[PDB]
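# Coordinate analysis (summary)
As a plain string of letters, each chain reads:
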Amino acid sequence: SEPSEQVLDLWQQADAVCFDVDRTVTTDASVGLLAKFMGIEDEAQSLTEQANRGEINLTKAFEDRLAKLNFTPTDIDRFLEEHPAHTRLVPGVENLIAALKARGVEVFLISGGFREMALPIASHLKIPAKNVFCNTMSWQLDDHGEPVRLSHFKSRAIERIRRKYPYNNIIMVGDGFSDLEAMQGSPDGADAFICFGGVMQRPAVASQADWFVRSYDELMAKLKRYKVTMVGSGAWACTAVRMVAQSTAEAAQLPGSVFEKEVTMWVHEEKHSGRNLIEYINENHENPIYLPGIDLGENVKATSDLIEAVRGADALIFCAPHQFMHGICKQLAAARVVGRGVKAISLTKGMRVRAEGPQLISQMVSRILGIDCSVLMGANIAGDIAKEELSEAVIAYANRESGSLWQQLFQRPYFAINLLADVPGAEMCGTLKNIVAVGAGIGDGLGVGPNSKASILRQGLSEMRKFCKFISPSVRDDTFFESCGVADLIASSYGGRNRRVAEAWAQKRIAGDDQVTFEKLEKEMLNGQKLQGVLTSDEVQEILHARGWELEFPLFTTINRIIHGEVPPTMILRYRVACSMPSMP
Amino acid sequence: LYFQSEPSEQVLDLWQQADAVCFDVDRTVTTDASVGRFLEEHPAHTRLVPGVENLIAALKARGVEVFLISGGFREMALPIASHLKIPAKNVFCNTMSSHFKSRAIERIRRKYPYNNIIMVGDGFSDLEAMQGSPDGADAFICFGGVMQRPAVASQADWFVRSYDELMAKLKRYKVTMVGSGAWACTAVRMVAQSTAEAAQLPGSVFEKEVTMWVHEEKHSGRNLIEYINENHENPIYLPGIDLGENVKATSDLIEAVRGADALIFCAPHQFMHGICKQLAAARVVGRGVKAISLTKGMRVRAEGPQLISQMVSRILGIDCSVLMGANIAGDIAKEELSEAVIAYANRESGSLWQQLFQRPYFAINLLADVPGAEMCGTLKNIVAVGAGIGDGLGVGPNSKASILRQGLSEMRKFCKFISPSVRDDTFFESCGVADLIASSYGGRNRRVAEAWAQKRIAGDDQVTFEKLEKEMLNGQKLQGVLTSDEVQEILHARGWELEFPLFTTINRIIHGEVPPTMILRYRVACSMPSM
Ligand SMILES: NC(=O)c1ccc[n+]([C@@H]2O[C@H](COP(=O)([O-])OP(=O)(O)OC[C@H]3O[C@@H](n4cnc5c(N)ncnc54)[C@H](O)[C@@H]3O)[C@@H](O)[C@H]2O)c1
Ligand SMILES: NC(=O)c1ccc[n+]([C@@H]2O[C@H](COP(=O)([O-])OP(=O)(O)OC[C@H]3O[C@@H](n4cnc5c(N)ncnc54)[C@H](O)[C@@H]3O)[C@@H](O)[C@H]2O)c1
Ligand SMILES: [Mg+2]
Ligand SMILES: [Mg+2]
C-alpha cells in the first residue's frame, strides 16, 4: 500500500474523480443485497463469480440478475427503503467526496450495475444524475413511467466525459476489472486507476492498479492542502489577508480542507519600527500603522523575512506598492524558493517599463519566477472593505483551475467575485485608472463641476481602452464594463488616495506654491502608504514618448505635463490642446 | 437681350438645392488674370474678389461641394484653391508644359453622386459649361463683378455684380426651441450665441432671432413671457442667466413653430406626446423641417419603448436627431467646459446641428448611433436615482461604484435587447458613461433621491418623490422616477424583471415593496417578497 511520484501528482492535480459504486462507494454489492430481501441468494451467488461471470455464456451478473424476476416497481421502492442509501456507504467516502467537490474537483459515479441503485447514492453524495453513468433496468413504461420489467463500458463513459468537459486529468477509483478497464481500454480513458480494496481486495486487479489503498483517509491525506502567503502588508494587503484568512479558517473546519488554516504575511521591516511591528501584529492581530482598528483574524502570522514567508507556500498573493515589486521578485528568484507548481495572484497596480514597453506585475511574476499569475482587480478602497462594506472584484485567472482556487480564497459574503479570462484587460485597467484618478483630483483642486469631471473620466476611460488595444489587442470591450474597469475608475476618482493628494497638489500650485511636489505630499498626507498614480503616469509617458504616441493619448499626456510643470493645472479640461501646446516658461 | 436681373424661381430653387458649385478662377474668384521654376506666387489673398471667400465658406457650411474650373494655369490656381480650402482634386485646370468646362462637369457627374450642379463665372467658357453638353451645368450664374460681358450676361440664368446677391438667396434656417425649462434655456442661450455670431456675415446659415415656446403655467405666466422678452432671462427656471438679446419668447406653441425650418425639442418627456399631437393637428410642421431632441425619457407604446426622437418621426413625419451628454444645466449656463454627443438622423443634419450648438465651452462630437445615445440619456436617470438612494444611506465609494457599474451594465443590456444595432463604442461617449457619472454625482435625480432615502431611513415613510419634487425643485421636473416606472412596465410585459435586477430593485424601492437598505443587494432584492 503506497503511491508513486507522477500518480500522486495526478491525484492532487485531478480535474475529475470517477467512483465505481459496488464495493468502492458501497459496503455491499447491490445485486445480492437485493438477492436477500428477494430470497434468491444462492441462485445469485451461483452467478456472482468467474465460473459463471468469469466468461459466462453471453451474460454478466447485472444483465442476468435482471433476467431473473417477475418483479415489480413497488418492490424496488421497498428495497431502497429497507436499505436507505446512507447506511450503505464505506466509511470515509462521504468525507472524501465532499472534500473533492469543495475544491472544484468534479465527481462522477460510473457503474455497471443498476441506475435505480446508484441514484440514491448519488443524491446522498450531492452528485447530480447528470454525473451518474449507469444503465437502467429494462422497465416497461406505458404513457408516463414504469409498470413491469420488460465490454468497455467505463472507459467509454470516461471518453464521453473528456469530450464534454474541459477536464484533462481524470482519475478512476474502484475495485473490479471494469474499473481497471476504465484506464486500459483506450487512450482517452482514465489517466490513473486507484484500486480500493477496503471491501474486496482482488489481487489480480490490485496488481495493475496505479495505487492500491485500504482506507479512504489514505486518499484524503494525499489531497493537496495549500499554504497561503501574502507578500505585502499595507492597507490593501492587510484587508486582503483579513478576507483570505476568513476563508481558510472556514475551509479548515472540514476534513479535506484545500487550505492551511494559517496565513503567512511578509511585513517589510521599517527603520522607525523595526521588529516591534511584526510582534505587535502577531500578538494583537492588527497592523496599527497601515490598517488601525482592524482585527486581522487570529490565524494570520507575520514575519519580516521574505524568503521564510514564501518558502512553504503553495499559494502566493503579491500585494505591495508596485515600485518595490521588481526587487522583491529578483530576491525570490535568486533564493530559488518558488517551486514551479506554485500558484500566484497579484493585487498590485502599477507597471515597470521594459524594452520600451509595459510590464505589468503579473507579467513580471511569470517572467522572473516562472510561474503563472492571475490578478484581482476591482473597485476596492481598502478601509471600507476592511469594515466589510459590500464590495466586489474581478479575478482574472491565468488558467481555469487557478480561478476556482482564488475565488474560494477571496470571495466573502461582503466581497463578491467575478471570474474572467481577460488578465491583460483587468490588469491594465487596474493600473491605468490611477493616472485618470490623478487627473480627476487635479480637476477637484481646480474647482471644476460634475460635467467637467465627467469629461475627464470619459476621456480617461476612452484612453485606457485605446492603450489596451495598442498593447494587447486580445482585450475585450466587455472587460471595461466589469468591476476592474469603470467601477474602479469611478471609486478611485471619487474616493481614492490619488484623487485626494492630487486635489491638494493642484490647490497649492494654483495658490502660488510652485515648490510643492507629490512626493512631499505623500509623506505629509498618506501616513506611510504609497501614492501610485504619478509613478504610473511617468511609466506610461516613457512608453508614449518612446513609441511616439504622445498625441494618441492627449489626456494621459497633459496630466504628465501638468505633474511636471510644463502645462498649468488649469489646462486639464483642454487636453486636446494641452498635449501639443508649447511648454510654459 | 438684357442681363437676367432676378432669377426665375426654378433657378432660385436650384441654387438652394445645389450639390456642387463650380467657380471660374480668373475674374470671378480672383480680380486679375495672370501675367507678370522660381514660382513666385507673391500673395494669393490679395488676389481674391470681395465676398467670394464668404460665399465659398457659406456653401461649404451647407454641404455643397465646391470646385474650381479654370481655362488658365493650375499652378496659378492651386494657391487660391488652398486658401479657400478646396482640395487639389477639386481643381480642374491645365498646367504650363474647346469644350473644356462642360467636359469637366461631365466628369464630376460621373465620379460623384451630384445631380444639381451650378457654374459661376464671367466668360464664354463658363456659359458653355452649361450649353455645350446635355451633361453640363444645370444653370450658369454670370458674375459681372470685375468684367461685364453683355454677350455672356444676356444668356445665363442669373446675373450678379456682387456675391452678396447670391449669399442672400442661400437657404437660411429659422430656429425655434420647443420648451423653456432649465436645460432648454441654457440650450437656447448657446444656440442664440451661435446665430448671433453667424448673422455677422452675409450668408448666415441661421436667422439671428431664436424663438422659444414658453408654456404658460397657472401661477405666474401672464407676464412671464413679457419679463423674458424684456429682461432676456427666465427668472423661474434659469435665474441670473442672460439668454441672448436675440431670444424671443412666446406662449403660443403653434405660432412658435409655424415659421420654423429647425426645431429643437426640449421639454419634460411626459408632455412631449401631447406637444407632438398638437403640432401634428395644426398641420404646421412641413416635411422639410430639421428636428433635434434633447429630451430624456420615454413613452411606453405597444409595450415597447418609444423615445422622443421616434415620437417626433412617427407623429410629425420628419427625421429627428438627438443631443445627449453630461450636461447639468446650471454649469453650462455659466460656460463651464462641457461636452455632448449629437447623434444625427443623417450626416447633413448632424453638420447643421453642430454649427448651431457647438460653443468654445461646449464641444460636440458627431455620432451616427441615435438609438444608443438616446437610450443612454434616458436610462441614466434611473441609475442616478439608485445612486442618490445609496448616498442617502451613507454608502461608501466602493459601494456607489458598484451601483454605477451594475447600472451601466443594465443600460447597455437593455439597449442591445431593444436595438441590436447599438455599437459598444457609443457607451464610451459623453452620452453614455459621462452622463451617467455626472448625473450620479451632481444631478437633480441624485439630489432628490438622496433626500428621499434620508427621510425614509429616519422613519418618514409618508414622504413622496412628488412631494420632494415640489419642495426641492422650483418648478423643474423629476425624470428618473417616471423613467423607472416606464422601463418597469416594459420589464413586467416581457418577463425581464430578473434580467435587470438593479432596475427592478430601484423601482421596488421607489414604491413600498423593498427597503432602501437593500439597494446594494439588488441580486436578491429584485425577487424578494415585498414589504
Ligand atoms: N490601498 C487601497 O485602497 C488599494 C486598493 C486596491 C489596490 N491597491 C494597490 O495595492 C498595492 C499596495 O497597496 P497597499 O495599500 O497594500 O500598500 P500601502 O499604500 O499601504 O503602502 C504601505 C506599505 O509600503 C511598504 N513599504 C514601504 N517601503 C517598502 C520597501 N522599500 N519595500 C517593500 N515595501 C515597502 C510598507 O511595508 C507598507 O506596508 C498598490 O499597488 C495599490 O495600488 C490599493
Ligand atoms: N436640467 C438639466 O440639467 C438637464 C440636462 C440635460 C438634459 N435634461 C433633460 O431635458 C429635459 C430638461 O427639461 P428642462 O430642464 O429644460 O425643464 P425643467 O425640468 O427645468 O422645467 C419643467 C418645465 O416643464 C414645462 N412644461 C411644458 N409643458 C408643461 C405642462 N403641461 N405642465 C407643466 N409644465 C410644463 C414648464 O414650462 C417648465 O419649464 C428633460 O428631459 C431632462 O431629462 C436636463
Ligand atoms: Mg465494483
Ligand atoms: Mg474668366
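Residues numbered from 1 in each chain as written, not as in the entry; some residues may be left out. Chains lettered and ligands numbered in written order. Heavy atoms only, no water. Residues with missing side-chain atoms left out of burial classes, pairs and counts.

As recorded in the entry header, the structure was determined using X-ray crystallography to a resolution of 2.2000 Å.

## Digging into the interface of chain B and chain A
Definition in use: Residue contacts are counted whenever heavy atoms from the two residues lie within 4.5 Å of one another. Buried area: the accessible area, evaluated with a 1.4 Å probe, that two parts lose upon being put together, summed over both parts. Just to be clear on terms, a salt bridge is a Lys or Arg side-chain nitrogen sitting within 4 Å of an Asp or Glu carboxyl oxygen. Strands here mean DSSP runs of E at least two residues long; helices mean DSSP runs of H or I at least four residues long; both are numbered from the N terminus. Residues are sorted three ways: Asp, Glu, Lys and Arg are charged, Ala, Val, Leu, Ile, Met, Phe, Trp, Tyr, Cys and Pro are nonpolar, and all the rest, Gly among them, are polar.
Each partner contributes to the interface: chain B provides 34 residues, whereas chain A provides 36 residues. For the chain B face of the interface with chain A, the top three residues by lost area are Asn398(B), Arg405(B) and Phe428(B), together amounting to 26%. Summed over the shared surface of chain B and chain A, the result is four salt bridges. Of the charged contacts in the structure, one is a salt bridge between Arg465(A) and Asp425(B), with a shortest N-O distance of 2.9 Å. Only α13 (329–333), β15 (338–343), α16 (397–418) and α17 (430–442) of chain B provide two or more residues apiece to the side of chain B that touches chain A. A per-element tally of the side of chain B that touches chain A places α16(B) first, with nine residues. Counted by class, the side of chain B that touches chain A contains 17 nonpolar, eight polar and nine charged residues.

## A closer look at the coordination of the magnesium ion (ligand 3)
Worth spelling out the cut-off: Here the coordinating atoms are restricted to nitrogen, oxygen and sulfur within 2.8 Å of the metal centre, or 3.2 Å for Na, K and Ca, and because water is not among them the sites may look incomplete. Summary of the burial criterion: residues with accessible area below 20% of their type's maximum are buried, those above 50% are exposed, and those between are partly exposed, where the area comes from a 1.4 Å probe applied to protein chains only.
For the magnesium ion (ligand 3), every protein donor is listed as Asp20(A) (OD), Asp22(A) (O) and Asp175(A) (OD), and the spread of their distances is 2.1 to 2.2 Å. Accessibility expressed as a relative area gives 5% for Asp20(A), which makes it buried.

## A word on the coordination of the magnesium ion (ligand 4)
Donor atoms from the polypeptide that coordinate the magnesium ion (ligand 4) comprise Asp24(B) (OD), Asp26(B) (O) and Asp122(B) (OD), at 2.4 to 2.7 Å from the metal. For the pair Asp26(B) and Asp122(B), a shared accessibility class is recorded, and that class is buried.

## Considering helix α22 (residues 497–510) of chain A
All names here are of chain A. We count it as follows: A helix is expected to span 1.5 Å for every residue after the first.
The first and last C-alpha atoms of α22 sit 20 Å apart over 14 residues, in line with the 20 Å expected at 1.5 Å per residue. The complete set of buried residues in α22 reads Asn498, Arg499, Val501, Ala502, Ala504, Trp505 and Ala506. Elements that come into contact with the buried residues of α22 comprise α19 (423–446), α20 (450–471), α21 (483–495), α23 (518–525), α24 (533–546) and α25 (554–563). Looking one or two residues beyond α22, the residue adopting positive phi is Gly512, at roughly 115 degrees.

## Focus on the packing of aromatic side chains
Each aromatic ring pair is characterised by the separation of its centres together with the angle its planes make. To keep things clear, this is the line we draw: Any pair of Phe, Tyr and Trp rings, taking the six-membered ring for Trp, is counted once the centres come within 6.5 Å. Such a pair is stacked with planes under 30 degrees apart, edge-to-face with planes over 60 apart, and tilted for the rest. Here, a charge over a ring is recorded when the distance from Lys NZ or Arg CZ to the ring centre is within 6 Å and its angle to the ring normal is within 35 degrees.
Considering all chains together, one arrives at 36 aromatic pairs over all chains under this definition. Each ring, one from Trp549(A) and one from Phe553(A), has its centre 6.2 Å from the other, and the planes form 50 degrees; the classification is tilted. The same class applies to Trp549(A) as to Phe553(A), namely buried. On the basis of an interplanar angle of 85 degrees and a centroid distance of 6.1 Å, the ring pair of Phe414(B) and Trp496(B) is categorised as edge-to-face. Of this pair, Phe414(B) sits in helix α16 while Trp496(B) sits in the loop between α20 (479–494) and α21 (501–510); the two residues are 82 residues apart in sequence, bridging distant segments of the chain. A relative accessible area of 15% means that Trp496(B) is categorised as buried. Among the aromatic side chains, those forming a connected cluster through ring pairs are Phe467(A), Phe470(A), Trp549(A), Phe553(A) and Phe556(A). If you follow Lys400(B) out to its NZ or CZ, it ends over the ring of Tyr441(B), 3.3 Å from the centre. Positioned above the aromatic ring of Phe500(B), the side-chain terminus of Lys413(B) is 4.9 Å from the ring centre.

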